[PDB]
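Coming up is one lone chain in structure tokens, specifically the form deposited in one PDB entry.
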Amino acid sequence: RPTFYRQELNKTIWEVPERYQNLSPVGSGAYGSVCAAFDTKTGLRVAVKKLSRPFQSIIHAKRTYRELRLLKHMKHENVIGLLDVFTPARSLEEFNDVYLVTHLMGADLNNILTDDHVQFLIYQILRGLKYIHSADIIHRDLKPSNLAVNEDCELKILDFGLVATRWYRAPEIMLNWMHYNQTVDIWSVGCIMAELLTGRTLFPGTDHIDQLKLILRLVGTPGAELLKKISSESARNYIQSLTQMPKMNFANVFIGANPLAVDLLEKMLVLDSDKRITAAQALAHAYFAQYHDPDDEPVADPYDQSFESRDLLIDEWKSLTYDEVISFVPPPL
């Protein structure tokens, strides 16, 4: 067990192993405070997140368990991974705080285009998405603030920020569709790619209604092939009661863009999620010919998500989280 040291920062206490030095607060964080730091053991600059009230309730405890399970599983260049996880607690009985460590990241996709850069950035997204989707994991919330980018133009998918979420959301989500397929994320990639090509948010709807209205103006109202798969009586009536609109030609909309990029957008931004191109198929699209390598686009180990359907007590999610802290094996050097 490492030797811990204790210090207060931004009016909250921090107890971390000695290896992490020069803690500098970077923000309040999503659900916990974050500091930059220097990892003396590896030489890496890192981010340490102290989760806030991680076992306050059953929802909080399951969410804490979920976050640790996800980060421990992700082992891929274009997906955020876990350098370390620790607690100052010496036993389950006194276990109350959880700290997560990963590589320090500077800019997100907003803070960073030529067509070569769009190719490379979207390629890395799809490569990380292929890995995530292969583990039966849906991101559901892809957007530029969730994508970290180096000056190297290297990119990682995150599930947090360092830009309304609705702008990149698949339409089936905003219709509160019961089931979702992995290509909700491909829709988001399409919106992101269009923005990198035009410099403008593709669908900057003010709300969900305005959002769907903007979407339909580009892709057209559902055809009969899609209408026959809509089970909601109300959703079907409203859709059909709209003035039908034709799917625009994307060449006209994305004028001057690389025609291969326009073609890929047409295969991504399809209403019928059954017809959207998958991440694996998109990596083989001719638009990525100079980056695509089928032998270096790996899939993930299977991810056991059975816990999502369980209703457990707080102390049980806490104990399961403790098991995952204890069993952690750091990445090698």
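Don't overthink the numbering: it's just position in the shown sequence, from 1. By rigid core we mean the largest C-alpha set that fits within 1.5 Å across both forms.
In the record comparison, residue 212 is modelled in each of the other entries of this protein that model the residues flanking it, with no third of them omitting it. In the comparison with other entries of the same protein, residue 80 is given coordinates in all of those covering both sides of it, so it never reaches the one-third threshold.
In this entry, no coordinate-free residues of the deposited sequence separate residue 219 from residue 220. Missing deposited residues between residue 112 and residue 113: 4 to 9, all without coordinates in the entry.
Looking at mean Cα B-factors across 42-50 and 65-73, the upper value is held by 42-50. The stretch with the higher mean CA B factor, choosing between 9-17 and 311-319, is 9-17. Going by the entry's values, 237 shows the largest Cα B-factor out of 146, 201, 102, 237.
Per the PDB record, 175 has a higher Cα B-factor than any other of 79, 193, 175, 186.
When the modelled residues of the chain are ordered by C-alpha B-factor, residue 31 sits in the highest third. Residue 59: CA B factor lies in the highest third for its chain, per the PDB record. Per the PDB record, residue ranking by Cα B-factor puts residue 160 in the middle third of the chain. Sort the chain's modelled residues by C-alpha temperature factor and residue 278 lands in the lowest third, per the entry. In this PDB entry, the Cα temperature factor of residue 248 sits in the top third of its chain's modelled residues, the highest group.
Below: the form deposited in another entry, not depicted.
Among the residues 153, 242, 218, 135, the single one whose Cα moves by at least 2 Å between this form and the one not shown, once the core is superposed, is 242. Superposition on the rigid core between this form and the one not shown places the CA atom of residue 28 2 Å or more away from its counterpart.
Once both forms are fitted on their core, a CA shift of 2 Å or more is seen for residue 179 between this form and the one not shown.
Note on residue 238 and residue 210: their C-alpha atoms are nearer in that other deposited form, a change of at least 3 Å from this conformation. The Cα-Cα distance between residue 309 and residue 177 is lengthened by 3 Å or more in that other deposited form relative to the form shown here.
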